[PDB]
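Before any questions on binding or motion, here is one chain by itself as structure tokens, the form deposited in one PDB entry.
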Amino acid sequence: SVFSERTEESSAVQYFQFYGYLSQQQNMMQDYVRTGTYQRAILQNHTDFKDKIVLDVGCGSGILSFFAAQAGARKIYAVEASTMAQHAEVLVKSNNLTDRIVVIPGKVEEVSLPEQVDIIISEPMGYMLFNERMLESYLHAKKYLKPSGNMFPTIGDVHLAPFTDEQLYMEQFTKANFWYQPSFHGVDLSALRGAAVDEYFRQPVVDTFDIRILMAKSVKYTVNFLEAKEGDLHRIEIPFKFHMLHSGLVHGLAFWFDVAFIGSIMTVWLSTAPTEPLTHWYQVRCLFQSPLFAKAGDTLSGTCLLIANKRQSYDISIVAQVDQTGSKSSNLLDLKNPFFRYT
């Protein structure tokens, strides 16, 4: 299947094992921003659900399907590939909704759905939006969508902005300099110091930060879920040219994302920006290998190139340059294995 062809089996085993835990459902459900916003988007656009056929891709415990039922949906197909599907079926029965919600265990790329649907709902966002490659499963489900059907969320914006964080940058060398000693219990560790450094710089940093470290307005890369094909997410090239609002050393790029639920009655926004209340997605920062000095009014231009891999994630290639000085840096990071730095 499409999912098997793009995913190493060992990554998939561990991925769905994670999502088999009720504690992980609980983690996401207790994110009031996440859960409350989805609920508001669905209920405030009840006309998009009233008497409609709905597909819920990756339903977990089924909360979004219950929200679609609260909004008057006629029939809701909930697809979930982890063992959480069995727990969802328990919730459907205990909530007396077996007539309206059908739980279908399995991957959306492999299950058979008997009907075309009026609207697809899902929470396919990983950290930095694209991790997990669940957006491609969400887009793949459009084979079940009627023409002129809708998608909730309807669009995803990923935002990129340059940041300055001297302490974060220097922390990488303080940790790697553990290896720069000539007699650790009589052993010279120095020869591995460079490898230690490279290892830390390949890790994106998942945590939050003060918005005052941002040095330019973000650049936005929009994915329109109604228009896009899943092939669009295999290679994502995000050009940027930041107009620097502050002067100082740029140590890397900071990432967050928004999604919009574009309903017939209103549009509702779920945001993970650092200007908004913190969510379980936090934000993500990728360091440059070397900082770039940029005066306010200079332009920082480059590309962030996301290349999907068979570990349900992306390799991140960042190149950046201060146009007015020609100073360049880059880095190559493994999104699958970030450093969770939040305290």
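Quick note: we count residues from 1 along the sequence shown, nothing fancier. So that the term is clear: the rigid core is the largest set of C-alpha atoms that superpose within 1.5 Å between two forms.
Just so it is clear, the following notes concern the form deposited in another entry, a form of the same protein that is not shown.
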Task: Position that moves between the shown form and the other one after core superposition, taken from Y200, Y169, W179, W269, with Cα shift of 2 Å or more - done: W179
Task: Large Cα shift (2 Å or above) at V111 between the shown form and the other one, core-fitted - done: no
TODO: Please check if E227 moves between the shown form and the other one, taking a CA shift of 2 Å or more relative to the superposed core as movement.
DONE: no
- [ ] Spell out whether the Cα of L97 moves at least 2 Å between the shown form and the other one when the two forms are superposed on their rigid core.
- [x] no
